[PDB]
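Student: A single structure is presented below for examination.
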There are 4 protein chains.
Amino acid sequence: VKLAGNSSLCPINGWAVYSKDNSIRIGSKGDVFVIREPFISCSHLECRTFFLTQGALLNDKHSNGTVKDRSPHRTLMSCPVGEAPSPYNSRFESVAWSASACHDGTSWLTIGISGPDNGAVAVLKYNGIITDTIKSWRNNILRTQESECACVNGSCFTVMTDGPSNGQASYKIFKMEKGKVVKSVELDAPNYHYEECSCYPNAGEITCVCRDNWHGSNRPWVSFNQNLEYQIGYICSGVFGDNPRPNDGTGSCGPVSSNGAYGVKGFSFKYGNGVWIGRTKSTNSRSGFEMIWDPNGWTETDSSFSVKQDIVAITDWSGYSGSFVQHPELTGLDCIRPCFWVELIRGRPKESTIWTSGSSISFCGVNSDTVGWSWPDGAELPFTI
Amino acid sequence: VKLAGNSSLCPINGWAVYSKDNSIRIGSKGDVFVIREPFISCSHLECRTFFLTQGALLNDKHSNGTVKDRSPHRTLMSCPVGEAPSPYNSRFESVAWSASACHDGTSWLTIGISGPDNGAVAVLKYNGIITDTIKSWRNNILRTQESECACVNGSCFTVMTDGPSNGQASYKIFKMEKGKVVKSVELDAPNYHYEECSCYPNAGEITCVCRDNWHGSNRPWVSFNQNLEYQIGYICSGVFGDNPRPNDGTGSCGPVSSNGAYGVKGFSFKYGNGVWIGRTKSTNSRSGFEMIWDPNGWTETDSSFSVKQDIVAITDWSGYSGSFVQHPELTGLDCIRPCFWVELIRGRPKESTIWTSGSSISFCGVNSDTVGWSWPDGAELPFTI
Amino acid sequence: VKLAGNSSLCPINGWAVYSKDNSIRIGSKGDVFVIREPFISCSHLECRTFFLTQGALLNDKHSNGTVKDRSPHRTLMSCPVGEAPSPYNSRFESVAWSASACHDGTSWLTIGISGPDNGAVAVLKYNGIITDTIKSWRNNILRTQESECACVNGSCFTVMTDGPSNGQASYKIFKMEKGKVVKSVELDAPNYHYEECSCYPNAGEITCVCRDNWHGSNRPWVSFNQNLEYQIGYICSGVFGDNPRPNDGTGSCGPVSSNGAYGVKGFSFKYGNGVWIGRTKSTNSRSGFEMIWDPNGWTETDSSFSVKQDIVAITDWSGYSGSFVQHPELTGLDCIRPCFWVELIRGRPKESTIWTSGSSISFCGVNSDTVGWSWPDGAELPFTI
Amino acid sequence: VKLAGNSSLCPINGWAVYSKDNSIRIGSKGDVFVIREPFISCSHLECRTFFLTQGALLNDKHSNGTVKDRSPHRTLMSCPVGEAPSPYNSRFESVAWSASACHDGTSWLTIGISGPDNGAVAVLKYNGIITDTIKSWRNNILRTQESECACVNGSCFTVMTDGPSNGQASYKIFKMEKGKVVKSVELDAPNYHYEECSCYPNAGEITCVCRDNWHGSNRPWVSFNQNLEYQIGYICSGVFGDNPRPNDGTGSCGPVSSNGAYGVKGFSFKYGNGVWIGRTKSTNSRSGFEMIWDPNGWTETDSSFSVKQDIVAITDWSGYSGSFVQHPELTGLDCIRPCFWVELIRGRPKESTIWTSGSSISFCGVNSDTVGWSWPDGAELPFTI
Ligand SMILES: CCC(CC)O[C@@H]1C=C(C(=O)O)C[C@H](N)[C@H]1NC(C)=O
Ligand SMILES: CCC(CC)O[C@@H]1C=C(C(=O)O)C[C@H](N)[C@H]1NC(C)=O
Ligand SMILES: CCC(CC)O[C@@H]1C=C(C(=O)O)C[C@H](N)[C@H]1NC(C)=O
Ligand SMILES: CCC(CC)O[C@@H]1C=C(C(=O)O)C[C@H](N)[C@H]1NC(C)=O
């Protein structure tokens, strides 16, 4: 039976460690895929880890310039959470250098994008079989979430971008049933910039917190009904969420220009006017990670907050981070539980190696107490190469 | 319940990437099988990749002269689509240096040929247990499809050749049920030459497009009803499908002798008087791949065609290619969906390695739009050896 | 249906070899996890081996200081009994450097403790999803069993410690249902020291034999009802079970102070006033192992016993050992079968390697005859390093 | 439902190849266990390969003196037929240096002997849980089949030996239900010698053809009803089946003393007064294998025969071989089908390496035709060592 998403986000006090895959430490010897853009998404029975491989293993020559981003060998595969991604435990999903995926209660929907930069195509699959296709409409790198999509009452939603990662680009929301596009709407978002959105379902509606790689240090959002009627904005909190970003201060409900000319994928959970913010600890590099609870931070502008919980130390490498949900039909709870993952990027451009790849760690909602600490990748570089 | 095959091929506009195993790039370090002759075939529940191993792994000494073709260690195995063939994820099917396979809706049927060249024997299995045997009748390398057989209303059919790959040889169509040959017929096709046929079910009948290794540059075909009543011909198009072959020009409905003394296994999908032709890009070697729609090309002699979709660039190695299907019981559609796979050969005799193996990529029908691009093997030879 | 735990320990005579994973001998080449603190636990259908990896593999550089005990990369995983723990056959369970686990008949309950020594938090999971959390109440290394928990009539119970591994500490017994803590009690055990308890169900109650690391050469025990009403004491048998320990002699029903300033993890099965004692053969190091039947050494003080059954020769490295149970719902028997496992520790600090890890062996109850022997680890150190 | 064993052996004309695992060729690089004494057995759903590992992998130092036979690290494991035995694809079964196993229609019954030569104990397991124990009764290496046991109407029977491999030893037949010994009888076989019997069910009774290591070149046999009422004898054919053995000549219905002071495990299928013999091609060493049809050869004494089918050239190493069956509940047939396997031993003592391991190949009855050929191991020694 389909996942009803009419339930609300579960109240919580902190975050508890859920998984850690040590893929990079293990891959030092083991046959572990070199990856990037990993993300967790759960069905009504299990939770999986999706990722984009480089069609090569760690410590092998084919792992060479795996910093390039888009290639013909890039593929989307999955394995159960906490496990190291290997050819011996990974399920093939699709050929792709940018992807998304979600479970509607019945079957899995995977979105993989491949092809050249001037005409990339999104192949949609439902239970492994191709159910639709979406071709680039601006011919400038059609790309997507790199985190799970959201399903509600049997419909799943996602967000895509086409155009410059440099300035005004085109943005679209898509609704799908059985992996087929039943409706789509382009957002009329002049001056906004949307990339790699982390979307979750709450009370029958979707909410997405994304990345402004053009000119924002704070994160932009988009929420919508099952008819794609939407609203847009930026988190007004002075506790800036992008990286790079400036020192905390006075935020704005609009794009914060200072230092937001690049970025990193992230997420945030909205509760009333409050927001849980996941962000790096550094303001310049993808180092460290922490969770901050700013009550009344979604609508106000100030750098004051209530709680902060360490996830990774400033001295250790972090990277992308996304949100993922647990539905009542998998949990037995009467609310939609929030969790998040963090990508731990090793290699280039920061480290002198011939390769780039990443590990993952994840946490979940919870009302019981927690603790901040540091759960870093742990590999010692360089490798035998 | 048995796969019904009374439906027609789904109408289509282009091809959407379905998978890429990256086995060779992965095998540089991973315990991946050395193979050749890989093909895809689906049941009413999953799609799998079959292939002929060389009882050895990549980058190991036993990988030596793996260019030999036939030997006692050659075995037919399978794993899920897109995954690299390895001993930790592959199901053993049969001992064979030539095979075929298809699912009738109930169980898998596998056909593996082993034994000496002067008296080979095909072993038929149904759900993993031997159900029949077919021994060579001409005593000269009994061989078969190297791709999926076709099943209709409980019956599965295949084609086998016995005799010279050099000139006139004998060809037989077999009809089976629960893996037992209930009927067969020897094709009265003087001056024709059949090999590595790609057969597919359509409107209750089978259609096979094969390879002329004796004297044809265009491909031969055979279609037949469930009682083995058949018709034979050659694709008349001036867009020659074999490799080697001559530059495009005036085709023929009979064997085009120029350059057809050799060949490569291939496929083609017939729609009315039109055909989707899959072929290499080079006219001499196994380089590149492309999809071509020549309406009225199945019966007409002209090198004019409508659409062209690139799959593999001329600068990269390709190889065998075959057709495979997605029945309604698996898809939910009301038509039989056409898909294809391409074998990417690396090593001897074109590269200076001590071995020969291959990777695979596959695509499927689709009405939505698509894009041409290039999805090559990507491994850099030579290996550590 | 829930595992009723109202049956009694089956009457037995000796122990029969159940399993041996040779993980270390195998990892010399294979991709085996470097581990410690392993233990078995069974459901109503299968038996698994749980363990705490070091987020690295044998014979790889990351295997370095794997002697350190606690780290962020330490994770709790599991695989079927007898199989070598590997990233290709292990299910991820939880991030932890101390754990426990058991099956209530319906789903698996896992307990993984992580975080800093001054603020560790226990993450309880039921069927893979977080259901409760427990933070350190004495801010001094919250730790647990390192062996299975015990479930009765739908409820599972475990024991945890917080405070000095050096002297008087704080001990608590928890009661959980579907992984949620419904009740907890602190033992009023002045002068006692509980650590790494082995608890088993019997006649509707729980019995634990633990490790006194503070000042006992004999072992302490706790037994309690389903409402956490309890009783405490020490095994009085002059056949001292802790290691190190003094030569056998006159025991005590309280802490035997000579040599018991350290210890190792163990177990014991109480029968009437008698006991089956598992122990190392050495009085000083974790060398050798043997089972001893002191009929009524549970309450009596005399170093005399009836049967001795060798499990590992004095010349070979041994280590931790714990109890694990079969239930009637799994076995079909009408009694609770006792079984135990043994950790074979190789590496530091006794051998000159840069790492520490371990193999496992197990035995089960049984009435028919048996024989003692020696089933050591068998790996030859050092390794390629 | 239980496997009725009331049907008779299926009439056959030759033997078709069923599988080949290439375990050693693959092990050159892959993580393949080192093993000996492999054998196949089938349930009502699938066929598996059991084997006794040496607790190490090929091409690793721990693969050293793996020629010793018995050791504490020896374990019984299994994987699907055709697959190379590895720690990634192998199910653990029991600790043993001698074993047997069979499926009764409901669950697997495994038999694993371990312990010292003067007190070995066989641990029986039903569905993975210990159901009985049998201790040595002569204190001289209790040993068993090293192939599959036979099940009929819900009962499985096996054969065990205790005593000298040097002369008169004690032989016993065991009958078990759900893994528990319900009856047992000791054979009154003076001047007979039974070891490593291959037993198959037929018309509700069991027939075993074994190895005489004492003083016989021909093979001894025992057949018995479901109440262990039995009959013994020796195959009378002058086509001697043991190895070593003298050149073919005049056989004997009793022990043929010339050259039978040692031997190898083998098998045979009796049809009326005829027999299908499996044997090596060489009379001195375990080289080559072949099937021979000697009608009226079970009771007569002559070296003449009707059919001979080659399985392994004399130029290549063979080794143990045994029988296995496929019941009607698996095949759908109305008769019990005969098949067999052959162990291809490589290394010591015939080859200069530091190890000993084996590969496997198997065949099945079949009415259709077949062919003789040579399917050897194919590994090139020595290895990197
Ligand atoms: C094309 C711009 C896009 C959005 C900023 O770049 C991403 C940034 C990345 C990054 O900043 O690390 C890595 C992503 N793999 C890349 N996505 C693609 C499709 O190339
Ligand atoms: C024997 C002739 C036959 C048909 C052309 O050769 C094939 C051509 C091949 C090729 O052109 O690459 C490889 C196939 N492995 C081989 N088949 C067998 C059975 O050896
Ligand atoms: C903190 C004291 C505790 C009980 C004695 O130490 C254990 C002893 C050990 C040992 O004596 O070998 C190894 C365990 N990994 C360790 N547990 C933790 C959590 O560090
Ligand atoms: C102990 C005598 C017995 C029967 C002849 O020896 C077998 C012969 C063998 C052989 O001749 O190769 C190998 C078996 N692994 C061995 N079995 C045991 C248990 O040691």
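Readers should treat all values here as calculations from the given coordinates under stated rules, not as data from a laboratory. We place every Cβ from the backbone using ideal geometry, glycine too, and count neighbours over all the protein chains shown.
Student: Between A:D188 and A:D369, what FRET efficiency comes out of the Förster formula 1/(1 + (r/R0)^6) with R0 = 35 Å and r the beta carbon distance, rounded to 0.05?
Tutor: The formula returns an efficiency of 0.20 here.
Student: Within 13 Å, Cβ to Cβ, of A:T384, how many net charges do the neighbouring residues add up to if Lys/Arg are +1 and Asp/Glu are -1? Each step should come with its number before you reach the end.
Tutor: Details: positive: A:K29, A:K61, B:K29, C:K61; negative: A:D60, A:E380, C:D60.
Counting the neighbours of A:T384, the net charge comes to +1.
Student: Here is a further query. What's the exposure ranking of D:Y194, A:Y192, going from fewest to most Cβ atoms within 10 Å?
Tutor: A:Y192, D:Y194
Student: I've got another one for you. Which distance in Å, rounded to a whole number, links the C-alpha centroids of the stretch B:204-245 and the stretch A:221-247?
Tutor: 59
Student: Counting only other residues whose beta carbon sits under 12 Å from that of A:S41, what net charge do I get with K and R as +1, D and E as -1?
Tutor: Net of charged neighbours comes to -4.
Student: For a quick check: with amide H placed at 1.01 Å from N, whose amide H comes under 5 Å from B:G154's, ignoring anything fewer than 5 positions away on the same chain?
Tutor: B:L3
Student: Let me ask something else about it. Under the classification rounded if a/c is under 1.5, otherwise prolate if a/b is larger than b/c and oblate if not, where does the stretch B:36-132 fall, given a ≥ b ≥ c as square roots of the Cα gyration tensor eigenvalues?
Tutor: Oblate, since a/c reaches 1.5 and b/c is not below a/b.
Student: Also, I was wondering about something else. At a 10 Å Cβ-Cβ cut-off, how would you order A:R48, A:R245, fewest neighbours first?
Tutor: Neighbour counts put them in this order, fewest first: A:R48, A:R245.
Student: Positive end of the charge dipole of the protein assembly as shown (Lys, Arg +1 and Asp, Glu -1 on Cβ, about the Cα centre): tell me which of B:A99, D:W298, A:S107 has its Cα farthest that way.
Tutor: Of B:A99, D:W298, A:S107, it is B:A99.
Student: Related question: Taking the alpha-carbon centroid of each part, what is the distance from the stretch D:110-142 to the stretch A:339-369 in angstrom?
Tutor: If you average the Cα positions of each part, the centres end up 50 Å apart.
Student: While we're here: C:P11 label points, 7 Å along Cα→Cβ, one per copy: pairwise distances from this copy to the rest in nm, shortest first?
Tutor: 5.8, 5.8, 8.2
Student: Do any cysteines in chain B lack another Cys Cβ under 4.7 Å, and if so which?
Tutor: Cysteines lacking a close Cβ partner in chain B: B:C79.
Student: As an exercise, use a Förster radius of 30 Å and the Cβ-Cβ distance of B:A203 and A:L45 to find the FRET efficiency, rounded to the nearest 0.05. Write down the numbers at each step before the final one.
Tutor: Numbers: r = 39 Å, r/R0 = 1.31.
About 0.15, to the nearest 0.05.
Student: OK, next. How many angstrom lie between the C-alpha centres of the stretch D:20-62 and the stretch C:157-192?
Tutor: 46
Student: Using 7 Å Cα-to-Cβ label points, what is the A:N6/B:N227 separation (nm, one decimal)?
Tutor: So the label points at A:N6 and B:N227 sit 5.9 nm apart.
Student: Between C:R138 and D:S71, take the C-beta separation as r, use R0 = 35 Å, and let me know the FRET efficiency to the nearest 0.05.
Tutor: Working: r = 47 Å, r/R0 = 1.35.
After rounding, the FRET efficiency stands at 0.15.
Student: Can you bin chain D into rounded, prolate or oblate? Criterion: square roots of the alpha carbon gyration tensor eigenvalues sorted a ≥ b ≥ c, rounded for a/c under 1.5, prolate for a/b above b/c, oblate for the rest.
Tutor: rounded
Student: In debye, nearest 20: dipole of chain B around its Cα centre with unit charges on the Cβ of K, R (+) and D, E (-)?
Tutor: 780
Student: As a test of the formula, what do you get for chain A when each DSSP H run with n ≥ 4 contributes -39,500 (n - 2.57) and the sum is divided by the residue count, at 222 nm and rounded to the nearest 500 deg cm²/dmol?
Tutor: Per the formula, -500 deg cm²/dmol.
Student: With springs only between Cα atoms under 10 Å, which of B:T144, B:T280, B:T106 fluctuates most in a Gaussian network model of chain B?
Tutor: Largest GNM mean-square fluctuation: B:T106.
Student: Classify the protein assembly as shown as rounded, prolate or oblate, taking a ≥ b ≥ c as the square roots of the eigenvalues of its Cα gyration tensor: rounded when a/c is under 1.5, otherwise prolate if a/b is larger than b/c and oblate if not.
Tutor: It comes out oblate by the Cα gyration axes.
Student: Let me ask another. Starting from the Cα of C:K180, step 7 Å toward the Cβ, then list every residue of the stretch C:116-137 with an amide N under 19 Å from that point.
Tutor: Residues C:122-135 fall inside that zone.
Student: I want to verify a result. In a Gaussian network model of chain A, Cα cutoff 10 Å, which of these has the top mean-square fluctuation: A:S98, A:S368, A:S359?
Tutor: Of A:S98, A:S368, A:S359, the most mobile in the Gaussian network model is A:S368.
Student: Based on the alpha-carbon gyration tensor of the stretch D:64-116, what equivalent-ellipsoid semi-axes (square roots of 5 times the eigenvalues) come out, in whole Å, largest first?
Tutor: Equivalent ellipsoid semi-axes, largest first: 21, 16, 8 Å.
Student: Which of B:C151, A:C335, B:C79, D:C197 comes first, and how do the rest follow, when ranked by fewest Cβ neighbours within 10 Å?
Tutor: Neighbour counts put them in this order, fewest first: A:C335, B:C79, B:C151, D:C197.
Student: Which of these, B:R348, B:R74, B:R219, has the largest mean-square fluctuation under a Gaussian network model of chain B (Cα springs below 10 Å)?
Tutor: B:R348
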